[PDB]
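Engineer: Here is my input, please return the structure:
(one chain, ligands or ions: 3)
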Amino acid sequence: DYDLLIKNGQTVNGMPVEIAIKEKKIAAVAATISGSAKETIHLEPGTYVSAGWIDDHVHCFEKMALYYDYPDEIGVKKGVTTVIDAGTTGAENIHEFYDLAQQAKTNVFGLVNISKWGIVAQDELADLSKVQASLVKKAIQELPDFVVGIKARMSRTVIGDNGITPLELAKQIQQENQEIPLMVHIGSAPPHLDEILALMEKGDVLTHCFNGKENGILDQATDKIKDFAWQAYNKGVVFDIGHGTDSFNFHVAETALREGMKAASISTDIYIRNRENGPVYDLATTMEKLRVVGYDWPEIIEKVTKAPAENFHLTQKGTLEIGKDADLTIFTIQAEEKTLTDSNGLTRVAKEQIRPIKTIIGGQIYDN
Ligand SMILES: Nc1ncnc2[nH]cnc12
Ligand SMILES: [Zn+2]
Ligand SMILES: [Zn+2]
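Structural biologist: Numbers count the residues shown, from 1 in each chain. Ligands and ions are numbered 1, 2, ... in the order given. You can find the structure just below:
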């Protein structure tokens, strides 16, 4: 006896798979599962199945000013079972966000911005009084089932004249909360990338890793990846895509690949505006971009499941292991040209498209 059984599936590696579900958890996984269940799904031959896709850089607090979106429009409806809001809210408004986040079909987690009001303004790190370690600690102790880390947006328009100081505070706050995961956003200088990378350690997540700005990882003068960027990479700093409206450049990603560098995790930095009007329409589209860059589907899948799950300690998600939460994404991969545009207007023609057709969350089935 099981609650749900999925048959005739196949992993991205070409492995036959069937999953048995009971009590919102994965009860069994094998090439063939002969058992009874309330409902049984019979997938069409050639259909792929993986752990529920996870987008670890999102903005889905629907009540926020401009930077917002609706959880299920970027989640379940796009084959994404779990999303992590990248610091849209601070300790002062995360509760209002948390309450709304519960009514979503999609699992929603969040990073608390070190600035108490989150991204209300554009420069929430320009006024240091807003960065109270105490308030962050309280949020972390108040919502352990929701807060999986802290966001620090280290770029020109955010920090005003406070330079690198906000990051030091971020590292201190991390120290004060059991080394909770820290996500670092980079953009234009100040601060300079090298100064930022120097303070980050293995486990710290560097989002917008392949942005094409001058202060990015590519040395535009030599057309090579800066040495200190390789150093941070080599020491374990987790490179996260966080595509966004202006943070993903094809040339940078391609150059990195040629040098043997790949992002650890693929994310969208999506919000209603770049979702509706592009350049980032959804996770699938972002995945197709790294596919065209050169990554293969198996590693791509791992980068939107196991990796993000590990980056933020989602111990119960990310893999099709017995005992884990029953979150799955069922999709197809087809040969069909499609135009893809990055954050800087560079275009590439994709030859393969990935499309979710069924999404399972906590054992519940959702079509499309
Ligand atoms: N991640 C981001 N979101 C909104 N505005 C920005 N300006 C620079 N980076 C940004
Ligand atoms: Zn950002
Ligand atoms: Zn963002």
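Engineer: List the residues that contact the residue in the chain positioned nearest to ligand 1.
Structural biologist: Distances between the chain and ligand 1 by Cβ to the nearest ligand atom are smallest at residue 187, namely 4.4 Å. From N, CA and C alone the C-beta is placed, and that goes for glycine too. Contacts for residue 187 were tallied using Cβ atoms under 8 Å, 6 or more residues apart in numbering; they are 153-158, 208, 211, 213, 215, 246-247.
Engineer: quick one: which of these sit in helices?
Structural biologist: 156-158 (DSSP state H).
Engineer: do stretch 190-199 and ligand 1 meet at all?
Structural biologist: No. With Cβ under 6 Å from any ligand atom as the criterion, ligand 1 is not reached by stretch 190-199; the gap is at least 12.7 Å.
Engineer: Tell me how this structure divides into domains.
Structural biologist: 1-51+319-368, 52-318 (curated CATH domains).
Engineer: Distance to ligand 3 for the ones you listed - can I get that in a markdown table?
Structural biologist: Listed next are these as a markdown table, based on distance: least, Cβ to the ion, whole Å:
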| stretch | distance to ligand 3 |
| --- | --- |
| domain 1-51+319-368 | 12 |
| domain 52-318 | 4 |
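Engineer: Would you mind finding the most buried of the ones you listed?
Structural biologist: A comparison of the domains of the chain by mean neighbour count, using mean count of other Cβ atoms under 10 Å, puts domain 52-318 on top with a mean of 21.
Engineer: State the separation between that one and the centre of the chain it belongs to.
Structural biologist: The chain centre lies 7 Å from the centre of domain 52-318; the measure is Cα atoms, centre = their mean, to the nearest Å.
Engineer: That one: end-to-end distance?
Structural biologist: One end of domain 52-318 sits 7 Å from the other (Cα to Cα, to the nearest Å).
Engineer: List the residues that contact residue 49.
Structural biologist: 6, 9-11, 17, 19, 43, 320, 328-331.
Engineer: switch the cut-off to 10 Å
Structural biologist: Residue 49 makes contact with 6, 8-12, 15, 17-19, 29, 43, 320, 328-331, 358, 360, according to Cβ atoms under 10 Å, 6 or more residues apart in numbering.
Engineer: separation between it and residue 16?
Structural biologist: To residue 16, residue 49 is 10 Å away according to Cβ to Cβ, to the nearest Å.
Engineer: so what's in contact with those two at the same time?
Structural biologist: What both residue 49 and residue 16 touch, as defined by Cβ under 10 Å, 6+ apart, is the set 8-10.
Engineer: Looking at the residues you listed, which is nearest residue 98?
Structural biologist: For the shared contacts of residue 49 and residue 16, the residue nearest residue 98 by Cβ to Cβ is residue 9; the value is 34.1 Å.
Engineer: In terms of helices and strands, where is the spatially most central residue of the chain?
Structural biologist: With distances taken as Cα atoms, centre = their mean, the residue of the chain nearest its centroid is residue 56 (2.2 Å). Counting by DSSP states H and E, the element that carries residue 56 is strand 53-58.
Engineer: Same check on residue 323?
Structural biologist: Using DSSP H and E, no helix or strand contains residue 323.
Engineer: ok, now which ones touch it?
Structural biologist: Each residue near residue 323 by Cβ under 10 Å, 6+ apart is listed here: 25-27, 316.
Engineer: if you look at those residues, which of them are in helices?
Structural biologist: Among these, no member falls in helices (criterion: DSSP H).
Engineer: out of the residues you listed, what pair is the most spread apart?
Structural biologist: Pairwise over the contacts of residue 323, using Cβ to Cβ, the maximum falls at 27 and 316, 14.0 Å.
Engineer: Can you verify my assumption that residue 184 contacts residue 206?
Structural biologist: Yes. Here residue 184 lies in contact with residue 206, judged by Cβ atoms under 10 Å, at a distance of 5.5 Å.
Engineer: where do the contact lists of those two overlap?
Structural biologist: Joint contacts of residue 184 and residue 206 (Cβ under 10 Å, 6+ apart) are 154, 196-197, 200, 237-238, 240.
Engineer: will you turn these into JSON lines that also has distance to residue 94 and secondary structure?
Structural biologist: Below are the shared contacts of residue 184 and residue 206 laid out as JSON lines (distance: Cβ to Cβ, whole Å; DSSP: H, G, I helix; E, B strand; the rest coil):
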{"residue": "154", "distance to residue 94": "20", "secondary structure": "strand"}
{"residue": "196", "distance to residue 94": "25", "secondary structure": "helix"}
{"residue": "197", "distance to residue 94": "28", "secondary structure": "helix"}
{"residue": "200", "distance to residue 94": "24", "secondary structure": "coil"}
{"residue": "237", "distance to residue 94": "26", "secondary structure": "coil"}
{"residue": "238", "distance to residue 94": "23", "secondary structure": "strand"}
{"residue": "240", "distance to residue 94": "21", "secondary structure": "strand"}
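Engineer: Tell me the one among those residues nearest to residue 76.
Structural biologist: Nearest to residue 76 among the shared contacts of residue 184 and residue 206: residue 240, at 21.8 Å, using Cβ to Cβ.
Engineer: I'd say the closest one and residue 86 touch.
Structural biologist: Yes. Applying Cβ under 10 Å, one finds residue 240 in contact with residue 86, separated by 9.5 Å.
Engineer: what residues are shared contacts of these two?
Structural biologist: With Cβ under 10 Å, 6+ apart, residue 240 and residue 86 have common neighbours 56-57, 183, 185, 205, 207, 267, 269.
Engineer: gap between the closest residue to residue 226 other than its chain neighbours and residue 279?
Structural biologist: Leaving aside its sequence neighbours, residue 226 sits nearest to residue 219 (Cβ to Cβ, 6 or more residues apart in numbering; 5.0 Å). Residue 219 is 24 Å from residue 279, where distance means Cβ to Cβ.
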